[PDB]
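*Asks:* Kindly generate the corresponding structure for this input.
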Amino acid sequence: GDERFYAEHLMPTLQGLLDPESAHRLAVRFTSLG
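*Replies:* Numbering: from 1, shown residues only. Take a look at the structure below.
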């Protein structure tokens with residue numbers, strides 16, 4: 001794991017699993033799902 005662990009497990013993780021647009025978009029959907 002290098003290019004798929006440092007770019008596929010770091011970018012979408014550090015800048016996607018808690019991003020104001022990536023994490024908020026995937027969260028708001030579950031928060032306002034009903």
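*Asks:* counting contacts, what elements does the longest helix along the chain pack onto?
*Replies:* Longest helix of the chain, by residue count under DSSP state H: helix 22-31. Applying 3 or more Cβ pairs under 8 Å, 6 or more residues apart in numbering; DSSP states H and E, one finds that helix 22-31 contacts no other helix or strand. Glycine gets a C-beta too; all of them are placed from N, C-alpha and C.
*Asks:* Name the surrounding residues that touch that helix.
*Replies:* Helix 22-31 is touched from outside by 12, 15-17, with contacts defined as Cβ atoms under 8 Å, 6 or more residues apart in numbering.
*Asks:* repeat that for 6 Å
*Replies:* In this structure, residues lying in contact with helix 22-31 by Cβ atoms under 6 Å, 6 or more residues apart in numbering are residue 16.
*Asks:* Stretch 1-9 too?
*Replies:* Residues outside stretch 1-9 that contact it (Cβ under 6 Å, 6+ apart): none are found.
*Asks:* Can I get that stretch as CSV, trimmed to CA atoms?
*Replies:* Taking C-alpha atoms only, stretch 1-9 is exported to CSV below (Å, rounded to 0.1, in the frame of the first residue of the first chain):
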residue,chain,number,x,y,z
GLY,A,1,0.0,0.0,0.0
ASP,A,2,1.5,3.2,-1.2
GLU,A,3,-0.2,5.1,-4.0
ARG,A,4,-3.5,3.5,-3.0
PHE,A,5,-2.9,3.9,0.7
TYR,A,6,-1.3,7.3,0.8
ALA,A,7,-3.6,8.8,-1.8
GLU,A,8,-6.7,6.6,-1.5
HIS,A,9,-6.5,6.3,2.2
